[PDB]
Amino acid sequence: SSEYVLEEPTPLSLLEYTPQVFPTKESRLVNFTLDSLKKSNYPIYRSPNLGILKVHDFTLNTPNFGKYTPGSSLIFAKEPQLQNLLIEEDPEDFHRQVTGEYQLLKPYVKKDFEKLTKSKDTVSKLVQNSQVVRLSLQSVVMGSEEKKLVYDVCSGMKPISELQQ
Amino acid sequence: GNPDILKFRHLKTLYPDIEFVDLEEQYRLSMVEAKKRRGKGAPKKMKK
Amino acid sequence: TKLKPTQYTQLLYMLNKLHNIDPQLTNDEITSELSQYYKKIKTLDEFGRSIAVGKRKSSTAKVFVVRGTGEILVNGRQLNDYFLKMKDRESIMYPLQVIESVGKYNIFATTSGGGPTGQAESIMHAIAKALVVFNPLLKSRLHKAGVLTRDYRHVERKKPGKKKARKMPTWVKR
Amino acid sequence: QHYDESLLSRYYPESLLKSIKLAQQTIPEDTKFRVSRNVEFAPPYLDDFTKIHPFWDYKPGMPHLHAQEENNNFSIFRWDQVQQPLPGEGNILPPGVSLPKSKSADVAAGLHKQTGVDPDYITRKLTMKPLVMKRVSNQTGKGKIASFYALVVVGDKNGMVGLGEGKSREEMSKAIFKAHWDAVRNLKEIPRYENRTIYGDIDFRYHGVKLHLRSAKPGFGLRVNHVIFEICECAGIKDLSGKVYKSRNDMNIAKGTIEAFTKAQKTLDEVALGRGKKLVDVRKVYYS
Amino acid sequence: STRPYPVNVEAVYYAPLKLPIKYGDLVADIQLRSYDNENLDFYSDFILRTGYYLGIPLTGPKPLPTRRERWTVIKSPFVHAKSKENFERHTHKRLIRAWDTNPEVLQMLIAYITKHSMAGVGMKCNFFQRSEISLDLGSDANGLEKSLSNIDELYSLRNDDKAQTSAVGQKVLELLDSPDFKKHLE
Amino acid sequence: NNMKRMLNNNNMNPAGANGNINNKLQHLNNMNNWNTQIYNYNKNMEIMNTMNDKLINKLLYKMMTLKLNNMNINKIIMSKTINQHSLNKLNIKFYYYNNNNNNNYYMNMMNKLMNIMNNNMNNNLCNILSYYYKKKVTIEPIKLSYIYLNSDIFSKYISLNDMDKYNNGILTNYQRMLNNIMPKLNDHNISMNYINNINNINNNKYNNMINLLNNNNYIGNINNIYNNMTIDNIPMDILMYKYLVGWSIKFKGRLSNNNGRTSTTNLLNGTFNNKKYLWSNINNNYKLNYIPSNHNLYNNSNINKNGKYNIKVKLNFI
Amino acid sequence: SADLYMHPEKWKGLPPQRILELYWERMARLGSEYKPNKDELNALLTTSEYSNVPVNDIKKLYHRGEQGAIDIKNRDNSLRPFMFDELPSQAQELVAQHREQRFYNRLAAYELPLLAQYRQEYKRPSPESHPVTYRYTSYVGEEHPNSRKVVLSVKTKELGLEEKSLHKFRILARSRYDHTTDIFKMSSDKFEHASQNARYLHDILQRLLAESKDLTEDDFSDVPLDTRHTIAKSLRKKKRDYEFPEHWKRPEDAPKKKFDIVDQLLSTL
RNA sequence: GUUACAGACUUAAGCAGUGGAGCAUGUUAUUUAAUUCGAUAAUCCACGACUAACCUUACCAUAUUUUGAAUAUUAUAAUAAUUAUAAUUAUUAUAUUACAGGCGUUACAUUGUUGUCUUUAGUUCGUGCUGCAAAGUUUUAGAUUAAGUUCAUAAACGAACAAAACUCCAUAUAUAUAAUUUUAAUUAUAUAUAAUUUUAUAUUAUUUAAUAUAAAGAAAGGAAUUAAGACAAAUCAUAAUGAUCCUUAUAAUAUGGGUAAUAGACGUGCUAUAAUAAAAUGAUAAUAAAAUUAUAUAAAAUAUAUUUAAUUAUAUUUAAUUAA
Ligand SMILES: [Mg+2]
Ligand SMILES: [Mg+2]
Ligand SMILES: [Mg+2]
Ligand SMILES: [Mg+2]
Ligand SMILES: [Mg+2]
Ligand SMILES: [Mg+2]
Ligand SMILES: [Mg+2]
Ligand SMILES: [Mg+2]
Ligand SMILES: [Mg+2]
Ligand SMILES: [Mg+2]
Ligand SMILES: [Mg+2]
Ligand SMILES: [Mg+2]
Ligand SMILES: [Mg+2]
Ligand SMILES: [Mg+2]
Ligand SMILES: [Mg+2]
Ligand SMILES: [Mg+2]
Ligand SMILES: [Mg+2]
Ligand SMILES: [Mg+2]
Ligand SMILES: [Mg+2]
Ligand SMILES: [Mg+2]
Ligand SMILES: [Mg+2]
Ligand SMILES: [Mg+2]
Ligand SMILES: [Mg+2]
Ligand SMILES: [Mg+2]
Ligand SMILES: [Mg+2]
Ligand SMILES: [Mg+2]
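Residues numbered from 1 in each chain as written, not as in the entry; some residues may be left out. Chains lettered and ligands numbered in written order. Part of a larger assembly, values for the part shown. Heavy atoms only, no water.

Trainee: Go over the overall build of chain G, please, and point to the residues and values.
Mentor: When helices and strands are counted, chain G shows ten helices and three strands. Across chain G, helices and strands are ordered from the amino to the carboxyl terminus as α-α-α-α-α-α-β-β-α-β-α-α-α. In terms of overall size, chain G is more extended than a compact globule, its C-alpha atoms giving a radius of gyration of 39 Å where 269 residues would be expected to give roughly 18 Å. Each of the three principal axes of chain G carries a C-alpha extent, and together these read 105 × 75 × 45 Å. Accessible surface, chain G: about 15600 Å² in total, of which carbon and sulfur atoms supply 51%. Both charge centroids of chain G, one from 46 positive and one from 43 negative side chains, sit 2 Å from each other. (Helix = DSSP H or I, 4+ residues; strand = E, 2+ residues; numbered from the N terminus. Rg over C-alpha atoms; globule rule 2.2 N^0.38 Å. Areas by Shrake-Rupley, 256 points an atom, 1.4 Å probe, with all protein chains shown as cover. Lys, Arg positive; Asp, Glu negative; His and termini not counted. Charge placed at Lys NZ, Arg CZ, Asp CG, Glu CD.)

Structural data, given as structure tokens:
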């Protein structure tokens, strides 16, 4: 039995709730910023850490949270406050998301192959193989450096031993 | 599943104030105690 | 809950007899006592044809029946080309054959789903409904013939333990 | 219906006035407004939603889905009592119900309904006594089905006495209640000389039991089988001698003795009337 | 009874209004999936209502066909395989389609929808962007600056009269404003 | 004829007369048959979410029992949680039971536990859950004053707390108490009254429509359509399930010290048929297509010295 | 202010109930990290006249929580009979649904009209200038791997090409170009993000256009349009190409307008 | 190892099969280092097992692990997060016992669940009444229904778990929605209404009930639900738990083998034994439904088998869509 306190809707209140994939350029930047904040482990989806609780300031977002292979139990690392908090905000990620920049690998030229192997037909075959690999690896999603390494291995520019590390 | 999930161990870490009781564990302990009492406890493990 | 059928029948008898009193001689009191115990049309289109949708099994047949000289077109092709079995054609004809109006009505059938015999049956069903609009007095006759009844016969599902709907796997007493 | 701003302000609060104005601007005057049959967005009663209800809307400080508050702020720090109690009238009692020695009172009330008997009398003046308290069973296809059998003399201690038996598959308390009920239904005025003993030396057979009950001089107590004694205590007999022969089946004793009292006895006055004679009591005349 | 119930209340009580479609430029379609109806239909109705307030011509809950994921199982834990039980799961699907809206309004709508979402209902959005054939991401810094200005215009506090505010959104805006963010590309 | 057409167009009301619908106070949402109220387009993710939810339930159960310096062990009974997965946020919720103005000045163990769920600024349980789901979580406890309003709680409580009353055999007093929870409500009468009330409401709305009326199907203003219809009158009468009509509780297993064999012991009260569906427009519906809506069945299986046993409970709710 | 519980020094002049509420808040917020205060104690003592508790007793309770209460001082009342003052589980669920409905009605009434402030008229990009349609998809609550999928789609006649170049473009497209509807579309899922994929698609389109406009020692005038994929697709689908014969129509047999006199009388406007 | 009736896929017709043949699969027996364990009358035998190469697996041979998967107790030390070079916490490491673990044994210790009697019509409780009483009546004269199902008659009157009904699928109609390019509007899906159908004329038996006829209707099925008790029916190999036994072994990991062995026997199937029946062919591609496709569905097209090509099978390479 009381009056309805009408808090007015605003674009700012509906920020965060904006679609992660929306055509607009303005929206893309915002989405990127949100992603960067999430990566930093900003209090989104949760109440913030301020200078009130001192001991129990725990977090679960450690370097390998929901993962098995790193041998540990649940690690309650202390969170920073809202002050003294850094944001990652990397350039490569920005390039990927905001603009539509992609690496595409590099096609291996015939000259490089000639450096190692002698015969011409064999070199041409190796080049063809490398080309075949390239398109497949572009299609697949793995990781910038790892994918490149794999591509090199497939080509024969690097040996098999470099994978097993 | 997600291996990092909250357990009873943590429910002491997060909330020390509340003296929780894990019932299944307590039951197991009681059973062990009973076994010890009536000469049906586990034999001592070999080391070598 | 204590009301019995016999009691109800008696009550009805009592009311009916009272009601039967010649309306001119009836009283106000009697009528007051009895007071307690009381209590879309299809047409042709712009172009003068009667649309009707019939169904059987999985089949559905939307059929445009029109007053022009009796020719058939099933699903955008000739009747003998579509329905190879003469039985299906005979079935289709039957609504026009119970009436003396095969040759009177042009029919443009459009079927979908099911197999051929079921499709033909659905078309027939649709045609009967279409005919009913042209002359409502024949509706009873069509119903009697057994064309206005939607044939419900629906394929029974395979039940778990059974092989087919009813076909069970062999029993073994020993 | 497009109302003026001042009128709206008079009936509606200052927060929603702007929203109302906006709604008026957006939605035209010429509007059809269809009735959505296949889905109902709004409630089945009229309500201007300006006032938040205590029970029928969400509690403001409490957390839930559709909270519309921050993760920190939830004004609800005591969970001992219930958060949203029932609106208007506190109860949800149906029509014709009420909220919750007592057993005896309930019995008396039930008797008053069924047979017009005075409840207050039943509660106070009548006092009961169990005579037999069997557990009893029937061999059913399900199995052996046990049943608690009671047999309970009730009696105002002024010659008004009744026997009653009762039975329940559920525990013996219910069986005893039933026996008590039966006893009060079967209350019976026994005749007795000087309000203390039977008139003559009676000798009565009820089925197996052969009863013999002698009258007694005043002061000489109840000197009889325990069932008989129990019945006499309730029925107001102070003085009695007697002995049971043949069967001594407790139930049949209890049934037989009340029958003997009601039937085998003749009051002196009745005898006098029948015979047409004076029938004096010599002791009374003497004055002891 | 001398109690003026204004038009918004009336609209709530009746079925939801729909604005007409000027041009068939399907901007976005929103599919709503759920494992039941009652919540889903309500949610769709709410979406329609909010879409009305905005200029956009949302069509309406076109029911796409329900799925049926069946699974059979022997009832017993051991043998009795002649007795078997079925199980089913119906993915109920409804379609909304927005027809004429400047992207920002559409975004706002979608954001509003996801804010006050209901329990059982999942959602998917297909947005459509009618772009020209030839494009250029060369004249970059100026275009970034323009985008930032547009964002600032969008998220400006007109009158702080106890309006709805978000901390994360404010932070995002601050980040967008910063010199470091401007630097990123070059 | 026009007036009749207009009425037909607008003819809707709460179901339950003899143009009507089951309102949200007259039946359960089928979403409230399942415990993980979710749809996701990627089914792997949905599966992962429901696993998480199940794991959280166990954690909550574990939390629910407290200790007070090894003096008192107050076992708060909780229902099975129901997890509401909106696009924005999860909301976990459960019903719970706990067994002069002196306690305004110290926090009870139960109170502390409840505070932990949402109120501890950084430290709270909801915050920690949010990491597993990647969305804001809200745990809402709901207190039940009686043991027998929720079926799960009733069964659970009997399994955990009242061991001594049935371990040898069901004590007589305890059995009597179980029998006489409710006051033997004439369920037929209540259902009939409810139906009559619904009819009266329908008549009232119809009467109002007639009064308004004295190609477009718009009637008068809202105030005049819903003339006598208010929050005070209608909602509580329309509210479907309110009255525990009948209930059955079964104890089963090795609940006999002398005997080696098992013992099925059943307590039955009232009725499990509903007479609101028998003679009216409102129809019965089936939860997971096999449990009559009004019913709610549950069991909970505590281990004894002798071995395993369980306690089925089944309530009717008119 | 909101941050009031944190400062126990400030609240002595408040009413007793308010003080109690603040105390409860303080206890809640720092559950395990609670540490008693003198000012807070004094406030609690001052409040004591509100709820009937003596001054020593309140202090004792403050010092020792539940243990103190126990020292100051029960029967099991689990199956105590129903006093008709609390709804069951199903009932409570129905109530909650009704609360939700009411909330949504309120939102519709007073927040959606507010939302109409943020309203813009449609600013149409013309089909002549903007023929291509990059459709993006987004799954709201989930993180689907199809959110990266972007689909370009254009009518080939709407592209700025000469006739020879258009044919060459169509030939290059192969399966991507449908011929019944003059539409060429293609989707990319190769890259991590949606924007990347869109950019890649755009680059492909540009490359295709460049190839079409070359004509230097490569015309493709004498390679007919391969329409096998389209006919296969058509076969897979069904067709309803047939129509009612136009010469079978009978406008004369159609139902004529029946004269309604009362309706005519009514129509005075 | 009894009486009397009534019932249906019980029997009788009828249609197609099994029993003969070969193969598949399960079982038995025997074999084997191991052929893992259970199910084994109806109520086992393509059953547990909706796929045994490795895995799964539990079995066997040979190797090698010994606080091991947990929880708690007690100590040393190292790294990372947080704060304003110290400290608080969280973890890890090495140990330290209680133990952990056990598809080991007993469903004749249990749970839950299931099979059969069983969609069979039974199973009980109040208040009253009868009998000294255990008990009986209610819950049945006689009939009827699919039916403790309605009639009727009756010391009974009500009430419960079953039955029926509400439920789901399918059907008919109406309304709503779908800018009829996600179209199939001949549709899909929410919400209703509809029937356990109604009415009347007659002909037999006693106001009704079966047959027939007629006029009114789209009006005709399937699924789920299988009570109480019983069978110490099945399951400790889904899982859990009691008791009991193993603890450098009955626990744990790898490499291979086995579960696929074959005299006879037993079920279930598959393919057959040719002309009321088999094979080639049939591109303005004769006519379906239901369901699956981000641990993917793979179109067109090229190449080889194959002198044309089609067919069928692979390879080449991924167009389209994560889906009316
Ligand atoms: Mg008697
Ligand atoms: Mg036969
Ligand atoms: Mg043979
Ligand atoms: Mg054979
Ligand atoms: Mg075997
Ligand atoms: Mg066995
Ligand atoms: Mg079989
Ligand atoms: Mg192995
Ligand atoms: Mg083993
Ligand atoms: Mg053990
Ligand atoms: Mg069992
Ligand atoms: Mg019988
Ligand atoms: Mg009997
Ligand atoms: Mg179409
Ligand atoms: Mg049934
Ligand atoms: Mg049974
Ligand atoms: Mg057994
Ligand atoms: Mg056995
Ligand atoms: Mg065991
Ligand atoms: Mg075994
Ligand atoms: Mg096990
Ligand atoms: Mg071993
Ligand atoms: Mg085998
Ligand atoms: Mg042949
Ligand atoms: Mg063909
Ligand atoms: Mg192909």
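Trainee: Talk me through empty space enclosed by the protein; I want residue IDs and the actual numbers.
Mentor: The volume enclosed by the largest cavity comes to roughly 380 Å³. Considering the residues around the largest cavity, the lining is formed by 29 residues, among which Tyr58(D), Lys93(F), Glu140(F), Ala96(G) and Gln97(G) are closest to the centre. If you list the elements that add at least two residues to the lining of the largest cavity, you get β4 (82–85) and β6 (139–143) of chain F together with α5 (89–110) of chain G. When residues in the lining of the largest cavity are grouped by element, the largest group, six residues, is from α5(G). Along the lines of polarity and charge, the residues of the lining of the largest cavity split into eleven nonpolar, eleven polar and seven charged. By volume, the second largest cavity amounts to about 320 Å³. Surrounding the second largest cavity, 26 residues form its lining, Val35(D), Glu40(D), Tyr13(E), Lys205(F) and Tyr226(F) being those nearest its centre. For the lining of the second largest cavity, the secondary structure elements donating two or more residues are α1 (7–13) and α2 (38–53) of chain E together with α8 (187–213) and α9 (222–225) of chain F. (1 Å grid on protein atoms, 1.4 Å probe; cavity = no way out; pocket = protein on both sides within 12 Å on 5 of 7 lines; lining within 4 Å. Points joined across faces, edges and corners; volume = space filled by probe spheres on them. Nonpolar A, V, L, I, M, F, W, Y, C, P; charged D, E, K, R; others polar.)

Trainee: I'd love a proper account of the pairing of strand β2 (residues 150–155) of chain G, names of residues and values included.
Mentor: Residues and elements named next belong to chain G. Counting buried residues in β2 gives five out of six residues, a clear majority hidden from the surface. For strand β1 (residues 132–139) and β2, the ladder comprises two bridges, and the chain directions are antiparallel. Residue pairing in the sheet places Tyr-136 in a bridge with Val-150 of β2. When β2 meets strand β3 (residues 183–188), the two strands line up antiparallel, connected through six bridges. Residue pairing across strands places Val-151 opposite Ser-187, the latter belonging to β3. (Buried < 20%, exposed > 50% of the residue type's maximum accessible area, 1.4 Å probe, protein only. Pairing = 2+ DSSP bridges.)

Trainee: Talk me through the pattern of salt bridges; I want residue IDs and the actual numbers.
Mentor: Overall, the coordinates contain 47 salt bridges over all chains when judged by the stated rule. For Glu33(B), the salt bridge identified is with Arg37(B), shortest N-O distance 3.2 Å. Here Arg37(B) and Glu33(B) lie together in helix α1 (residues 23–37), a separation of four residues that amounts to about one turn. Assessed through its relative accessible area of 35%, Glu33(B) is described here as partly exposed. Taking relative accessible area as the criterion, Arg37(B) reaches 66% and is therefore assigned exposed. Residue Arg102(G) pairs with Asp47(D) through a salt bridge whose shortest N-O separation is 2.7 Å. Residue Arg102(G) is located in helix α5, and its partner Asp47(D) is located in the loop between α2 (17–26) and β1 (51–52); the two belong to separate chains. (Salt bridge = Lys/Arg side-chain N within 4 Å of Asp/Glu carboxyl O.)

Trainee: Tell me about a nonpolar patch on the surface, and name the residues and values.
Mentor: The grouping of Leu3(C), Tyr8(C) and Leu12(C) at the surface amounts to a nonpolar patch, some 300 Å² of accessible area in total. With respect to the helices and strands, the residue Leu12(C) is situated in helix α1 (residues 5–20). (Patch = residues over 30% accessible without salt bridge, like charges linked within 9 Å, V, L, I, M, F, W, Y side chains within 5 Å.)

Trainee: With reference to specific residues and values, describe the sheet that holds strand β12 (residues 309–315) of chain F.
Mentor: Within a sheet, each strand pairs with its neighbour through backbone hydrogen bonds, oriented either parallel or antiparallel. All names here are of chain F. Within the open sheet, the four strands sit side by side as β8-β7-β12-β11. Their pairing is antiparallel. Here the strands that pair on one side only, and so sit at the sheet edges, are β8 (265–269) and β11 (296–298). Ignoring strand direction, the axes of neighbouring strands in this sheet form an average angle of 5°. Across the sheet, helix α5 (residues 151–160) lies against β7 (247–253), β11 and β12, angled at about 150° from β12, the strand it touches most. (Axes fitted to C-alpha atoms, helices over the stretch in contact; angles between N-to-C directions. Contact = heavy atoms within 4.5 Å.)

Trainee: Residue-level account of the protein's contact with RNA strand H, with values.
Mentor: Residues in contact with RNA strand H amount to 174 residues; listed here are only the nearest, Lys78(A), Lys142(D), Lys167(D), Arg169(D) and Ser76(E). Among atoms of RNA strand H positioned within 4 Å of the protein, sugar and phosphate together represent 76%. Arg169(D) has a polar side-chain atom sitting 2.5 Å from a phosphate oxygen of RNA strand H. Here a sugar or linking oxygen of RNA strand H and a side-chain polar atom of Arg254(F) are 2.5 Å apart. Considering each element in turn, the surface near RNA strand H owes the most residues, seven residues, to α1(B). The class makeup of the residues in the surface near RNA strand H is 46 nonpolar, 59 polar and 69 charged. (Near = heavy atom within 4 Å. Polar contact = N/O pair within 3.5 Å; in protein donor to acceptor, adjacent residues only side chain to side chain.)

Trainee: Tell me about the nonpolar core, and please be specific about residues and values.
Mentor: Residues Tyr132(F), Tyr148(F), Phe154(F) and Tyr110(G) are the most contacted members of the largest nonpolar core, which totals 184 residues. Broken down by element, this core gets its largest block of residues, nine residues, from α5(G). In this structure, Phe154(F) is in contact with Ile147(F), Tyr148(F), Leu178(F), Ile181(F), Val313(F), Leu315(F) and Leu79(G), ignoring residues within four places of it in sequence. Formed by 31 residues, the second largest nonpolar core is a distinct cluster that contains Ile190(D), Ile198(D), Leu211(D) and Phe261(D). (Core = buried A, V, L, I, M, F, W, Y, C linked by side-chain atoms within 4.5 Å.)

Trainee: Kindly report on the interface of chain F and chain G, identifying the contributing residues and their values.
Mentor: On the side of chain G, 54 residues touch chain F, which itself brings 67 residues to the contact. In this assembly, chain F packs against chain G so that about 5300 Å² is buried in total across both faces, 58% of it on carbon and sulfur atoms. The largest contributions to the chain F side of the interface with chain G come from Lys24(F), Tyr105(F) and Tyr146(F), which together make up 16% of the buried area. If you look at where chain F meets chain G, you find one salt bridge. (Buried area = accessible area lost by both parts, 1.4 Å probe.)

Trainee: Any chance you could break down the sheet that holds strand β6 (residues 121–131) of chain E for me, citing the residues and the numbers?
Mentor: What the seven strands build is an open sheet, ordered β2(E)-β5(E)-β1(E)-β6(E)-β1(G)-β2(G)-β3(G); its pairing is antiparallel. Two strands close off the open sheet at either side, each with one partner strand: β2 (62–64) of chain E together with β3 of chain G. The sheet shows a mean angle of 20° between the axes of neighbouring strands, taken without regard to direction.

Taken by themselves, the reported measurements are silent on function.
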